[PDB]
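Student: Please see the structure below; I have some questions.
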Protein chains: 2
Amino acid sequence: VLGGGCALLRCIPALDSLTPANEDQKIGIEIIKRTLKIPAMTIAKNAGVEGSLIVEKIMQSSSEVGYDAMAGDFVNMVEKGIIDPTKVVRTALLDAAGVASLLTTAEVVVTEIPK
Amino acid sequence: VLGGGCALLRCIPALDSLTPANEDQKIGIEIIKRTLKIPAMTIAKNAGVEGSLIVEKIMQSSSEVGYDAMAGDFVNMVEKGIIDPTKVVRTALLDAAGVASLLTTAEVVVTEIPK
Ligand SMILES: Nc1ncnc2c1ncn2[C@@H]1O[C@H](COP(=O)(O)OP(=O)(O)OP(=O)(O)O)[C@@H](O)[C@H]1O
Ligand SMILES: Nc1ncnc2c1ncn2[C@@H]1O[C@H](COP(=O)(O)OP(=O)(O)OP(=O)(O)O)[C@@H](O)[C@H]1O
């Protein structure tokens, strides 16, 4: 798939075409929708530019155009070689979600008293 | 002038039309140029939205169009009543610049030892 976090960026209309069962389902869908811009923002923030403007300009662009953070330019990602494995992207998303969303169900935390 | 920090936002091409004498003049001009977006970003950030995207969308819009943070929409600022006094804006800018730019010239700081 496309590299630079653009693959997760191009999956946001597929959440925009989702009907939640109730309001908590809607909250979770919105959480994932806001999370889907995080890798591109982090890559752009490490490059010294404002990540939110970069992500908004990627969203306004065509589906083949992303941000090359080395050149600092908006390019064609397949033609520039900036590509990612599909397995890596889906593995990262699933492994992050399955544990973080269970961490956000907690109400009581029990620890040991430090000796 | 226009309210919401848009008055300072429209004075950035007037810094783009400036020729620095040397590179430190250039550094100071760039400092003021980046500072000129701060009030609009702060007003938008207090409204719970991303200030940088709001400022960029104000940049891309016409000269009469700014952001009503109260209603959260992009409107004609004069026709919607969001206006500022010119004296207040220039007073705030001059009073901030004259002291902050002198604070950024310091190399040694002498304080009293606390008793
Ligand atoms: N020139 C580039 N422009 C834009 N994005 C790029 C560029 N080169 C790599 N990337 C992106 O940066 C990310 C790679 O980051 P990095 O390899 O540091 O971390 P990772 O793959 O998440 O994890 P790990 O630290 O285990 O390697 C990928 O999303 C990749 O598509
Ligand atoms: N509805 C609005 N939409 C957008 N900007 C607005 C709106 N109402 C006011 N503003 C802007 O917000 C700013 C007013 O902020 P505020 O009055 O809290 O602080 P101030 O004038 O900088 O200082 P002080 O705290 O001394 O009053 C002005 O720039 C004004 O144009």
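Every chain in the structure tokens has a letter given in the order shown (A, B, ...), and although residue numbers restart at 1 in each chain, ligands are simply numbered from 1 in the order shown.
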Do me a favour and pick out the residues of chain B within 9 Å of chain A, using only C-alpha atoms, as a PyMOL selection string.
Tutor: chain B and resi 50+52-53+56
Student: Would you mind exporting the chosen residues as a PDB file, in the first residue's frame, restricted to N, CA and C atoms?
Tutor:
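Dumped everything to again.pdb:
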```pdb
ATOM      1  N   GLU B  50      -8.548  22.834  15.731  1.00  0.00           N
ATOM      2  CA  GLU B  50      -7.129  22.903  15.391  1.00  0.00           C
ATOM      3  C   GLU B  50      -6.829  24.268  14.787  1.00  0.00           C
ATOM      4  N   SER B  52      -4.101  25.702  13.515  1.00  0.00           N
ATOM      5  CA  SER B  52      -3.271  25.825  12.319  1.00  0.00           C
ATOM      6  C   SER B  52      -4.083  25.618  11.045  1.00  0.00           C
ATOM      7  N   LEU B  53      -5.003  24.649  11.052  1.00  0.00           N
ATOM      8  CA  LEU B  53      -5.878  24.440   9.901  1.00  0.00           C
ATOM      9  C   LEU B  53      -6.791  25.637   9.677  1.00  0.00           C
ATOM     10  N   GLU B  56      -4.636  28.423   8.161  1.00  0.00           N
ATOM     11  CA  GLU B  56      -4.352  28.137   6.755  1.00  0.00           C
ATOM     12  C   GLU B  56      -5.576  28.368   5.872  1.00  0.00           C
TER      13      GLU B  56
END
```
Student: Could you give me the residues within 9 Å of ligand 2, counting only C-alpha atoms and all ligand atoms, as a PyMOL selection string?
Tutor: chain B and resi 1-7+39-40+43-44+66-73+77+80-85+88-89+92
Student: What does the file look like for those residues with N, CA, C and O atoms, as a short mmCIF file (atom, residue, chain, number, x, y, z; two decimals), in the first residue's frame?
Tutor:
```cif
data_model
loop_
_atom_site.label_atom_id
_atom_site.label_comp_id
_atom_site.auth_asym_id
_atom_site.auth_seq_id
_atom_site.Cartn_x
_atom_site.Cartn_y
_atom_site.Cartn_z
N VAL B 1 -10.29 47.48 12.19
CA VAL B 1 -9.80 46.44 11.30
C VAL B 1 -10.57 45.16 11.58
O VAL B 1 -11.46 45.13 12.43
N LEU B 2 -10.23 44.10 10.86
CA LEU B 2 -10.89 42.81 11.06
C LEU B 2 -10.52 42.21 12.41
O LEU B 2 -9.39 42.33 12.88
N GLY B 3 -11.50 41.55 13.03
CA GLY B 3 -11.28 40.90 14.30
C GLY B 3 -10.83 39.45 14.16
O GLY B 3 -10.64 38.93 13.06
N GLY B 4 -10.67 38.80 15.31
CA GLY B 4 -10.28 37.41 15.34
C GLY B 4 -8.83 37.14 15.03
O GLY B 4 -8.48 35.98 14.76
N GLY B 5 -7.97 38.15 15.05
CA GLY B 5 -6.59 37.99 14.65
C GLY B 5 -6.35 38.00 13.16
O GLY B 5 -5.21 37.79 12.73
N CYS B 6 -7.38 38.25 12.35
CA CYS B 6 -7.24 38.25 10.90
C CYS B 6 -6.54 39.49 10.39
O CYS B 6 -5.96 39.45 9.29
N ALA B 7 -6.58 40.59 11.15
CA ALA B 7 -5.89 41.81 10.75
C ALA B 7 -4.39 41.60 10.68
O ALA B 7 -3.74 41.98 9.70
N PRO B 39 -2.30 35.07 17.41
CA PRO B 39 -3.63 35.36 17.99
C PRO B 39 -4.78 34.55 17.40
O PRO B 39 -5.64 34.09 18.15
N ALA B 40 -4.80 34.35 16.08
CA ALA B 40 -5.84 33.55 15.47
C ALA B 40 -5.75 32.09 15.90
O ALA B 40 -6.77 31.44 16.15
N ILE B 43 -7.11 31.92 19.52
CA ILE B 43 -8.56 32.04 19.55
C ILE B 43 -9.21 30.74 19.06
O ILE B 43 -10.18 30.26 19.65
N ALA B 44 -8.66 30.15 18.00
CA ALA B 44 -9.20 28.88 17.51
C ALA B 44 -8.91 27.72 18.45
O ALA B 44 -9.73 26.80 18.57
N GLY B 66 -12.99 35.71 7.46
CA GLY B 66 -12.27 35.17 8.60
C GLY B 66 -13.06 34.09 9.29
O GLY B 66 -14.04 33.58 8.73
N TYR B 67 -12.68 33.74 10.51
CA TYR B 67 -13.28 32.62 11.24
C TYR B 67 -14.00 33.14 12.47
O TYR B 67 -13.37 33.70 13.38
N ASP B 68 -15.32 32.96 12.50
CA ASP B 68 -16.13 33.18 13.69
C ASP B 68 -16.02 31.94 14.57
O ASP B 68 -16.65 30.91 14.29
N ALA B 69 -15.19 32.04 15.61
CA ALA B 69 -15.01 30.98 16.59
C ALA B 69 -16.24 30.74 17.44
O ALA B 69 -16.44 29.62 17.93
N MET B 70 -17.03 31.79 17.69
CA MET B 70 -18.26 31.64 18.45
C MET B 70 -19.25 30.72 17.74
O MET B 70 -19.82 29.81 18.35
N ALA B 71 -19.45 30.93 16.44
CA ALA B 71 -20.30 30.06 15.66
C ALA B 71 -19.53 28.94 14.98
O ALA B 71 -20.15 27.99 14.48
N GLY B 72 -18.20 29.02 14.95
CA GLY B 72 -17.38 28.00 14.33
C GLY B 72 -17.50 27.91 12.83
O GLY B 72 -17.50 26.81 12.28
N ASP B 73 -17.61 29.05 12.15
CA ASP B 73 -17.74 29.04 10.70
C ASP B 73 -16.97 30.19 10.08
O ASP B 73 -16.64 31.17 10.75
N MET B 77 -16.22 39.09 8.04
CA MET B 77 -16.03 39.56 9.41
C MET B 77 -16.68 40.91 9.64
O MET B 77 -17.19 41.17 10.74
N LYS B 80 -20.51 40.41 9.81
CA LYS B 80 -20.91 39.68 11.00
C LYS B 80 -20.54 40.40 12.29
O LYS B 80 -20.86 39.90 13.38
N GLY B 81 -19.88 41.55 12.20
CA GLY B 81 -19.61 42.37 13.36
C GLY B 81 -18.31 42.08 14.09
O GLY B 81 -17.99 42.81 15.03
N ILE B 82 -17.56 41.05 13.71
CA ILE B 82 -16.30 40.75 14.39
C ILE B 82 -15.26 41.74 13.88
O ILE B 82 -14.65 41.53 12.83
N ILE B 83 -15.06 42.83 14.62
CA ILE B 83 -14.11 43.87 14.24
C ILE B 83 -13.33 44.29 15.47
O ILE B 83 -13.81 44.18 16.60
N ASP B 84 -12.12 44.78 15.25
CA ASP B 84 -11.21 45.19 16.30
C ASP B 84 -10.80 46.64 16.09
O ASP B 84 -10.85 47.14 14.96
N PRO B 85 -10.42 47.35 17.14
CA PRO B 85 -9.80 48.67 16.94
C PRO B 85 -8.38 48.52 16.42
O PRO B 85 -7.65 47.61 16.81
N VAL B 88 -5.68 49.16 19.24
CA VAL B 88 -5.46 48.04 20.15
C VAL B 88 -4.50 47.02 19.53
O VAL B 88 -3.57 46.54 20.18
N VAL B 89 -4.70 46.72 18.24
CA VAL B 89 -3.89 45.71 17.57
C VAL B 89 -2.44 46.18 17.43
O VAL B 89 -1.50 45.45 17.77
N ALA B 92 -0.73 46.35 20.94
CA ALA B 92 -0.35 45.03 21.43
C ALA B 92 0.88 44.51 20.71
O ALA B 92 1.81 44.01 21.35
#
```
Student: Mind listing the strand (DSSP E or B) residues of chain A, per DSSP on the backbone, as a short mmCIF file (atom, residue, chain, number, x, y, z; two decimals) with N, CA, C and O atoms, in the first residue's frame?
Tutor:
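Writing done, so here's result38.cif:
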```cif
data_model
loop_
_atom_site.label_atom_id
_atom_site.label_comp_id
_atom_site.auth_asym_id
_atom_site.auth_seq_id
_atom_site.Cartn_x
_atom_site.Cartn_y
_atom_site.Cartn_z
N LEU A 2 0.27 2.41 0.02
CA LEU A 2 1.02 3.66 0.04
C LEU A 2 1.74 3.85 1.38
O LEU A 2 1.21 3.50 2.44
N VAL A 65 -1.37 10.76 -4.33
CA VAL A 65 -0.43 11.79 -3.92
C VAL A 65 -0.27 11.75 -2.41
O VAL A 65 -1.26 11.79 -1.66
N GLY A 66 0.98 11.67 -1.95
CA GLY A 66 1.28 11.79 -0.54
C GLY A 66 2.42 12.75 -0.28
O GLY A 66 2.80 13.52 -1.17
N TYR A 67 2.99 12.71 0.91
CA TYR A 67 4.04 13.63 1.31
C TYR A 67 5.35 12.87 1.49
O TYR A 67 5.45 11.98 2.33
N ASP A 68 6.35 13.23 0.69
CA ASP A 68 7.72 12.77 0.87
C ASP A 68 8.38 13.70 1.88
O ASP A 68 8.61 14.88 1.61
N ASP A 73 8.15 17.27 -0.10
CA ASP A 73 7.36 17.63 -1.27
C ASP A 73 6.16 16.70 -1.38
O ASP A 73 6.20 15.56 -0.90
N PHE A 74 5.12 17.17 -2.05
CA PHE A 74 3.92 16.36 -2.26
C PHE A 74 4.04 15.68 -3.62
O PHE A 74 4.02 16.34 -4.66
N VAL A 75 4.15 14.35 -3.60
CA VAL A 75 4.60 13.58 -4.75
C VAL A 75 3.64 12.41 -4.98
O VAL A 75 2.69 12.20 -4.24
N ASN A 76 3.92 11.66 -6.05
CA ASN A 76 3.27 10.38 -6.30
C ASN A 76 4.05 9.31 -5.55
O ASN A 76 5.25 9.12 -5.80
N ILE A 83 6.44 3.15 -0.36
CA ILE A 83 5.39 2.15 -0.23
C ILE A 83 5.62 1.35 1.03
O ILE A 83 6.75 1.23 1.52
#
```
Student: Can you pull out the residues contacting residue 20 of chain B? Cut-off 12 Å, using only C-alpha atoms, and skip same-chain residues under 6 positions away; I want them as a PyMOL selection string.
Tutor: chain B and resi 26-30
Student: Just the alpha helix (DSSP H) stuff from chain A, please, per backbone DSSP, written as a PyMOL selection string.
Tutor: chain A and resi 6-9+12-16+23-35+38-46+51-60+86-103
Student: For a quick check of understanding, using only C-alpha atoms and all ligand atoms, which of A:22, A:78, A:62, A:33 has the smallest distance to ligand 1?
Tutor: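 Smallest separation from ligand 1 among the options: A:78.
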Student: Provide the atom CA of residue 63 of chain A to atom CA of residue 11 of chain A distance in Å, to one decimal place.
Tutor: 10.6 Å
Student: Return the single residue from A:38, A:113, A:108, A:14 that is closest to ligand 1, with distances computed using only C-alpha atoms and all ligand atoms.
Tutor: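 With only C-alpha atoms and all ligand atoms as the atom set, the closest residue is A:38.
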